[PDB]
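Worksheet for the structure shown next.
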Amino acid sequence: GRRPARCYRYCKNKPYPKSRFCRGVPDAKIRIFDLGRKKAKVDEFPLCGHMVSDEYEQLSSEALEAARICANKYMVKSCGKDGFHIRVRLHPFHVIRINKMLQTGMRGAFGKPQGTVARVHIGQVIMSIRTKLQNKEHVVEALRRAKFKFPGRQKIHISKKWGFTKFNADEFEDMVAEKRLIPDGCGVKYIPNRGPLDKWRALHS
Amino acid sequence: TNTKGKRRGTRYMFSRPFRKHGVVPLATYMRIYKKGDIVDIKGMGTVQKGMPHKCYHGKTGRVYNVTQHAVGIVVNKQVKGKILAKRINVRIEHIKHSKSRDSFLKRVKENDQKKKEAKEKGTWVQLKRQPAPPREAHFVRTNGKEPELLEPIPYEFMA
Amino acid sequence: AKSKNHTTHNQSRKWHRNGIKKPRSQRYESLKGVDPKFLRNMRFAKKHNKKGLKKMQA
Amino acid sequence: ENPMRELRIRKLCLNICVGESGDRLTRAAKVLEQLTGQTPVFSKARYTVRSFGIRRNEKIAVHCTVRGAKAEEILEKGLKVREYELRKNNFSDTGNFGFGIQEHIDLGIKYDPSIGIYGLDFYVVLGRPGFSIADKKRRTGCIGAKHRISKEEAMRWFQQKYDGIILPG
Amino acid sequence: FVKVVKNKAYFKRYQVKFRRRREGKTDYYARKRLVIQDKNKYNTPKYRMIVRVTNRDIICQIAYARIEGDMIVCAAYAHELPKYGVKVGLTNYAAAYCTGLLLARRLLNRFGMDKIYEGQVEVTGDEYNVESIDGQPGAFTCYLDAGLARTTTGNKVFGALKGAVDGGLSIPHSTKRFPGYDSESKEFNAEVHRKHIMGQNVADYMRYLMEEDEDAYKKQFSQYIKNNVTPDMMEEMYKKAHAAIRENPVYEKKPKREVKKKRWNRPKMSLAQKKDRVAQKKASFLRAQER
RNA sequence: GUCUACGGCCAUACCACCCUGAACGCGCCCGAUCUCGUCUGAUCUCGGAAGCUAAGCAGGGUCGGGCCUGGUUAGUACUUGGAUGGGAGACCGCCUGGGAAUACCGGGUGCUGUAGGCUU
RNA sequence: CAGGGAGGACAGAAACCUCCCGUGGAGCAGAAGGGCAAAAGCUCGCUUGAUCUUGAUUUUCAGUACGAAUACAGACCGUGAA
RNA sequence: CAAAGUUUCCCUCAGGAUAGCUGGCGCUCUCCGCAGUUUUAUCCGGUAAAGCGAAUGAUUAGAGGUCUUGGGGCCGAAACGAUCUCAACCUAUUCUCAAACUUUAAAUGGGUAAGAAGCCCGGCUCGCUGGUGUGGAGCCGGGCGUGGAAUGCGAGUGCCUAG
RNA sequence: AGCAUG
RNA sequence: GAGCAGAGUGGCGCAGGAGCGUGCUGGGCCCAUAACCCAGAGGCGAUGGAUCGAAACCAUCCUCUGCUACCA
Ligand SMILES: [Mg+2]
Ligand SMILES: [Mg+2]
Ligand SMILES: [Mg+2]
Ligand SMILES: [Mg+2]
Ligand SMILES: [Mg+2]
Ligand SMILES: [Mg+2]
Ligand SMILES: [Mg+2]
Ligand SMILES: [Mg+2]
Ligand SMILES: [Mg+2]
Ligand SMILES: [Mg+2]
Ligand SMILES: [Mg+2]
Ligand SMILES: [Mg+2]
Ligand SMILES: [Mg+2]
Ligand SMILES: [Mg+2]
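So the sequence lines, in the order shown, correspond to chains I, T, b, J and D. According to PDB author numbering, the stretch in the first sequence is residues 2 to 103, 112 to 214, in order. To convert, take the position in the second sequence, counting from 1, and add 1; that gives PDB author numbering. To convert, take the position in the third sequence, counting from 1, and add 1; that gives PDB author numbering. To convert, take the position in the fourth sequence, counting from 1, and add 8; that gives PDB author numbering. To convert, take the position in the fifth sequence, counting from 1, and add 2; that gives PDB author numbering.
Rendered as structure tokens:
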């Protein structure tokens with residue numbers, strides 16, 4: 002029995018985390034952020050898709066979990082059971098307070122913790138999907154379906170990078186061949202030219 | 002209402018800079034302060050004796066009494082609608098000299114030098130400082146290569 | 002019956018109606034609060050200053 | 009080979025932890041005093057363990073440190089008792105080693121009933137000339153990286169000097 | 003495993019002591035308490051007598067502190083005592099007393115107060131302190147800088163202090179740490195201090211050691227035997243050294259010598275040099291890998 | 001060129017490992033009679049000069065970590081004053097001025113005062 | 001110093017002894033913040049400046065008082081070689 | 001001519017005293033000084049922002065290691081002899097944060113200075129300080145006006161005082 | 001003096 | 001919702017250096033059961049902290065019990 006999200010959808014109060022001052026906070030509804038086939042190498046999931054936020058507002062953990070569930074369900078139905086990867090890139094740290102009534114009035118009117126919401130900025134990613142290059146329209150449709158579970162405006166944008174990395178897809182193969190990139194599971198490691206050359210010869214031998 | 006503590010709100014004001022804790026350098030103690038000098042007040046948290054009140058931190062005063070370990074300095078303090086010039090005692094650690102007066106001393110020495118010069122010679126010399134004058138007329142040489150054309154780039158959503 | 006608690010709304014105008022006057026200054030300042038030993042010696046020097054008058058004049 | 013790299017015994021540290029205070033602790037102090045030839049010192053307990061029966065600041069152990077010819081002769085007696093048999097793991101990775109003895113009469117000291125039976129704990133620290141700069145006052149420094157003593161060097165020194173045997177395990 | 007303590011965070015949050023403390027040279031607590039001049043003294047110099055005992059000689063200096071660095075007004079080393087006659091024993095109590103006396107006399111000769119304030123011409127061992135005489139310029143006053151040494155009873159820094167006091171400086175002190183103060187009884191006799199000043203303990207050691215075993219005697223004294231000094235000559239020769247120091251305390255500098263400008267160290271390698279060194283290493287490694 | 005004594009600024013000086021040190025010096029090093037202090041002459045204090053650069057120490061090195069100073073991030077973020085600007089709002093744009101910080105990419109790796117030496 | 005690593009008869013996950021690393025990650029009576037490493041912490045030795053006195057100044061501030069604090073000055077003392 | 005609902009104290013909160021805002025009466029000068037402003041120098045700070053490959057406190061995810069321990073076990077009486085392992089642990093990375101976190105760090109802003117009360121010479125006094133008529137301070141005499149950034153403006157000072 | 005039951 | 005009291009051997013209770021009566025188990029007396037007699041076993045609501053040391057001290061919680069929640 003929680004209030005409608007319109008009561009808590011605006012970034013009105015200062016950031017207020019669960020710390021040694023704020024205690025008794027109930028845990029968030031979203032407890033899993035990564036799912037799909039997350040044991041996959043960076044080589045085989047080149048395509049990336051984002052859910053870019055368009056407003057400065059607050060998102061609830063319940064909404065985040067609902068959107069996660071919707072996206073996973075559609076991706077399982079469409080792209081197979083383990084042909085994708087979903088990463089929710091928002092963690093609810095801001096805790097909201099409710100002043101529960103019933112007749113004290115506004116005397117001593119400081120609320121108790123109710124739940125946790127995530128404060129989001131303009132152009133901040135909400136969700137990311139990593140999958141094969143062929144599944145572009147499936148990713149777009151999954152994000153479109155997940156959009157309806159969030160208040161406000163969001164937009165789907167296909168990233169220029171390679172997978173869940175910060176390096177461009179066009180030059181990714183060039184750089185990994187030229188040995189500046191060492192794949193290390195989900196991501197990749199960038200090798201500078203400034204260490205001891207013992208590491209350089211170890212890589213080159 | 003806040004408290005009336007003597008060190009309330011000095012958490013960062015009296016804290017030492019990063020990687021500069023420990024023993025105080027000796028040159029600060031070894032500076033000499035005559036009476037009538039101009040002094041910048043800045044509290045140092047390493048020493049708890051003769052610490053100035055937090056209202057004087059960042060202010061500039063004038064020495065009037067030199068003592069064994071401290072100096073008496075006259076500072077201006079604004080309270081409500083009036084300004085009071087009141088006297089405090091501050092230890093040598095919380096004290097630095099001010100270069101603002103040294104600049105003017107250098108300028109006045111040069112001014113007297115430049116007055117005693119170019120006076121037996123009969124020529125006139127400017128002494129006052131004038132504000133930044135408007136730029137005079139000048140030419141700009143485009144020797145060969147022409148100014149390149151700049152146009153706004155098309156928009157794309159990078160992120 | 003609650004009322005307003007604290008405010009500084011009109012105070013800046015009230016202050017600058019008559020102006021923020023800097024402390025009055027004089028060429029000579031009082032010698033209060035300075036070191037008693039140094040005052041004692043200064044007073045002795047002033048008191049005995051009289052006896053170099055003839056040499057000063059010459 | 010440089011003379012100033014020769015291994016040597018800085019000191020041999022002996023102690024008996026009787027675990028309690030009073031007459032038995034004094035008897036153990038007499039044991040090691042007669043053993044070495046210098047008055048020992050008493051160590052206190054820093055915490056309180058009900059199961060061990062020791063309270064805070066209670067004298068429960070006695071120890072002494074011997075340096076020089078007396079140190080080498082006492083170490084020779086101890087290794088004679090233990091017939092020159094040390095394990096590989098008895099040697100510390102920093103260059104020291106030690107062992108215990110379950111009965112101190114074996115060292116070759118007369119038994120007197122008013123003292124009784126006590127077990128010892130031998131621990132020698134190997135040295136090298138120039139180690140005193142680490143604990144001197146005026147200009148303290150490290151002791152270098154090559155100049156340090158290793159476990160392998162301590163083992164080899166032991167087996168070549170006390171012509172002993174090292175058993176693995 | 004074990005968590006590494008000295009990592010990037012450790013090194014980028016590390017804050018080093020002063021350079022002198024890092025090298026162990028100075029003690030900044032006593033430094034601050036001893037060199038700082040009082041504020042209403044207005045840059046009046048505050049003097050120190052530095053006494054440093056080295057493994058092979060003794061260094062005594064008179065200095066005052068300035069912002070640019072300590073300024074030293076006089077210095078007298080123990081290694082110049084062979085000029086005055088002391089051949090060996092340049093790091094004992096007698097040498098400490100002699101070098102302190104030499105420093106005091108040299109400072110007095112520099113300042114022109116050497117005829118006045120003669121101090122103790124004939125040393126008696128007991129307490130003495132020069133009293134400033136009226137009319138004439140006042141006596142020089144300084145303080146003892148013991149450094150990091152343990153100021154326990156019978157110390158060569160206090161021997162040097164006594165030498166300077168006999169020379170004629172007004173150094174505040176007490177005759178409690180002079181060798182000869184008996185702690186269990188709390189009095190001070192002067193004849194034992196005279197023996198320590200003249201080297202009689204060393205002479206008694208030589209007599210005792212050559213009486214017991216000549217091998218140990220020769221091992222403990224070889225340059226002594228070379229300079230053929232016996233236990234029966236030390237009092238006379240140290241008295242002669244005192245008289246000579248009081249006679250000619252001036253210091254004459256060694257003449258400057260021509261230099262052929264030969265570098266003994268290695269100059270720092272250059273940027274292109276090390277870059278091409280790395281390039282050569284890479285080329286050689288790749289060549290070996292192909293081979 | 002370089003060291004010692006006392007220092008100033010307190011990492012461009014720190015930390016890890018490796019190489020070299022002519023002469024002086026600083027050191028390690030040899031002993032406890034004396035002064036002095038310990039369970040222990042290990043530390044401290046004292047009396048020395050058989051030996052040694054092994055160590056401290058100094059100079060150099062590492063596509064070194066750190067530190068310092070630049071570029072990029074970027075006129076981006078943020079922000080003074082303005083509009084009867086847009087937008088249901090949340091917020092955003094323009095005018096007038098100022099203007100940053102990681103990641104990433106280069107360069108550098110103690111200066112210096114007083115006194116005293118060595119470099120026949 | 002917290003802590004960690006490697007060793008030693010009973011002894012162990014935890015008793016005591018030894019070496020190494022250890023920028024404070026400990027402690028400083030109490031709440032929090034600041035400050036502190038040959039110290040402001042720990043251990044020793046001596047002690048009673050927690051004593052007598054007139055003024056000046058700071059903090060709240062009306063530039064009133066109490067409380068608390070700062071820099072001196074005059075006695076008499078402690079401590080340290082200083 | 002022209003306000004205040006503000007500071008401190010009161011068994012005070014529908015009231016007072018007190019400072020502030022106001023008026024009136026003047027007086028000391030004028031026909032250098034001051035400024036709700038800028039400029040030039042110089043200090044001061046920990047907000048916005050930013051950071052977590054940096055301290056503290058939260059925090060998601062895969063990787064590479066090892067015997068440091070525990071387990072599922074199996075080969076073996078067994079064995080740090082060994083197999084997969086699940087793990088914690090260590091090492092490079094990675095996603096997301098902090099009013100009571102921070103290495104960094106603005107915009108706006110807060111002091112001081114821009115001379116005659118300033119400089120430069122000569123000498124006397126001191127019971128303070130003193131290696132040294134050393135240091136500092138105070139006194140007498142003399143000499144230097146291009147009043148030493150912009151802009152604007154007549155200033156100062158004392159009583160009484162209502163709301 | 002206490003002493004129920006099958 | 002605010003104040004407040006109380007959680008401990010199977011059940012009811014005492015309480016700064018783990019126990020009572022009853023229950024339970026073994027053996028006795030009796031033909032046998034209880035009563036009676038001799039012995040024994042059995043465990044501080046949770047977390048964190050002050051303390052040389054706490055079940056007892058200090059905070060937060062998990063339950064449960066009681067008292068008020070008036071005036072129109
Ligand atoms: Mg609010
Ligand atoms: Mg009101
Ligand atoms: Mg000292
Ligand atoms: Mg020795
Ligand atoms: Mg060496
Ligand atoms: Mg070497
Ligand atoms: Mg580097
Ligand atoms: Mg130099
Ligand atoms: Mg030659
Ligand atoms: Mg101390
Ligand atoms: Mg009252
Ligand atoms: Mg009314
Ligand atoms: Mg703040
Ligand atoms: Mg922020």
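No residue lacks a Cβ here, since even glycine has one placed at the ideal position from N, Cα and C.
Taking a C-beta cut-off of 9 Å against chain I, the contacting residues of the region 270-285 of chain D are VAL280, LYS283, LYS284, listed in chain order. Of the candidates D:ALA151, D:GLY165, D:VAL90, D:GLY165 places its Cα closest to the Cα of D:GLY127. The beta carbon of I:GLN163 sits closer than 7 Å to those of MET52, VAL53, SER54, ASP55, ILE135, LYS156, all from its chain and outside the five residues before and after it, given in chain order. Rounded to the nearest angstrom, the gap between the Cα atoms of b:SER31 and T:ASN66 is 12 Å. D:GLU25 reaches chain J at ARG147, counting residues in chain order whose Cβ is nearer than 8 Å. When CB distances to chain D are screened at a threshold of 9 Å, the residues of the region 6-37 of chain T falling below it are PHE19, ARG20, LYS21, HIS22, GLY23, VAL24, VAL25, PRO26, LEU27, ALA28, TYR30, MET31, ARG32, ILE33, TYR34, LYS35, in chain order.
At a cut-off of 8 Å between C-beta atoms, D:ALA151 does not count as an interface residue with respect to chain T. DSSP places D:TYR79 in the uninterrupted beta strand (DSSP E) bounded by 73-79. For ligand 2, the residues with a Cβ under 6 Å from any of its heavy atoms are, in chain order, b:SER4, b:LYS5. In its chain, beyond the 5 residues on either side, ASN112, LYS115, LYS116 have a beta carbon closer than 8 Å to the beta carbon of T:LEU128.
Less than 8 Å separates the beta-carbon of D:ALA65 from that of D:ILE52. Collapsing the DSSP output to three states places J:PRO11 in a helix. For the C-beta of T:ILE89, not a single chain D residue is nearer than 9 Å; the gap to the nearest is close to 16 Å. For D:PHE287, the C-beta contacts it makes with chain I under 7 Å involve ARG210, in order along the chain. The Cβ atoms of I:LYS141 and I:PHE46 lie closer than 8 Å to each other. With the criterion set as a beta carbon lying under 8 Å from some beta carbon of chain D, the members of the region 66-91 of chain T are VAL67, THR68, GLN69, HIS70, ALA71, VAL72, in sequence order. Taking C-beta separations shorter than 7 Å and ignoring five residues to either side along the sequence, the partners of I:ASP44 in its chain run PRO192, following chain order.
Think of a sphere of 9 Å around the beta carbon of D:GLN222: no beta carbon from chain I falls inside it, the nearest being about 54 Å out.
With fewer than 16 other Cβ atoms inside 10 Å of its own Cβ, b:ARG28 counts as exposed. When the beta-carbon positions are compared, J:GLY172 and J:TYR92 come within less than 8 Å of each other.
Looking at the DSSP output, J:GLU93 shares a beta bridge with J:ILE173. Between J:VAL70 and J:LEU33 the beta-carbon gap is near 6 Å, inside 8 Å, which marks them as a contact. Using a Cβ-Cβ cut-off of 8 Å, I:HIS166 counts as an interface residue toward chain T, since at least one Cβ of chain T sits closer than that to its own.
Ranking D:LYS264, D:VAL280, D:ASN229 by CA distance to the CA of D:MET271 puts D:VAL280 first.
About 10 Å separates the beta carbons of D:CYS144 and D:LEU105, which is beyond the 8 Å limit, so they are not a contact pair.
Per the Cβ contact rule, the region 83-96 of chain D is in contact with the region 237-253 of chain D (3 or more Cβ pairs under 8 Å). Of all residues in the region 124-158 of chain I, only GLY132 place a beta-carbon less than 7 Å from a beta-carbon of chain T. Rounded to whole angstroms, the gap between the alpha carbons of D:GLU124 and D:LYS117 is 16 Å. Contact annotation: the region 74-92 of chain I does not touch the region 9-17 of chain T, with fewer than three C-beta pairs closer than 8 Å. Around D:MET200, the same chain offers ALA96, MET236, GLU237, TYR240 as residues with beta carbons nearer than 7 Å, after the five sequence neighbours per side are excluded.
Boundaries for I:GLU58: no alpha helix (DSSP H) harbours it, while the beta strand (DSSP E) harbouring it runs 58-61, taken from the DSSP string. In this structure, D:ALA32 has its beta carbon less than 7 Å from a heavy atom of ligand 3. DSSP places D:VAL167 in no beta strand (DSSP E) but in the uninterrupted alpha helix (DSSP H) bounded by 158-169. The continuous beta strand (DSSP E) containing I:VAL134 extends over residues 134-140.
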